[PDB]
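What follows is one chain in structure tokens, specifically the form deposited in one PDB entry.
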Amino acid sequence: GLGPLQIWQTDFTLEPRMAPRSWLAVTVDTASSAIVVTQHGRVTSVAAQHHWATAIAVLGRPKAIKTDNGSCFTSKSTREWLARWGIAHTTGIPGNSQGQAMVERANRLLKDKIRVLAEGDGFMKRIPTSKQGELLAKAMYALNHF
């Protein structure tokens, strides 16, 4: 009734430890603080849609999503994909200074967690491609569950 509005913040951040699919798409559900992250080979409009398809399966459909003005978020293709799901999109104030510190903070916690767990498994540089998926899933678990 009076609980938080279901607003997500989403952003992409680069992580060479996860190459070749080094772009991580990160969504923070601002009502719960849960984090959803997926890995992608290139930052395109279709990679953002594939990330949100997975975040929806996991967190439900939000009422709105806030992003920056990155072109994979403002293309015609991504605007139509969000209209097909009935989700409102805002890039907030222009020179907003950033109405998305929560996802910015999530991005740093996430890359720190990835580094600490990868180094615990003995991977000091790039994580071998066949170990990436389970280590990303472990970083996600660690940041969402207590």
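Between two forms, the rigid core is the largest collection of C-alphas that superpose within 1.5 Å. Each residue number is its position in the shown sequence, starting from 1.
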Higher avg CA temperature factor (58-66 vs 84-92, as deposited) belongs to 84-92
Please compare 106-114 with 46-54 and name the stretch with the higher mean C-alpha B-factor in the deposited structure. 106-114
In terms of recorded Cα temperature factor, pick the maximum from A19, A25, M124, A137. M124
For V36, does the deposited CA B-factor place it in the lowest, middle or highest third of the chain? lowest
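Omitted from view is the form deposited in another entry, to which the following refers.
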Listing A83, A57, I93, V116 as candidates, which single one shows a C-alpha movement of 2 Å or greater between the shown form and the other one when the core is held fixed? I93
Do the C-alpha atoms of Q98 and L14 sit closer or farther apart in that other deposited form than they do here, given a shift of 3 Å or more? farther
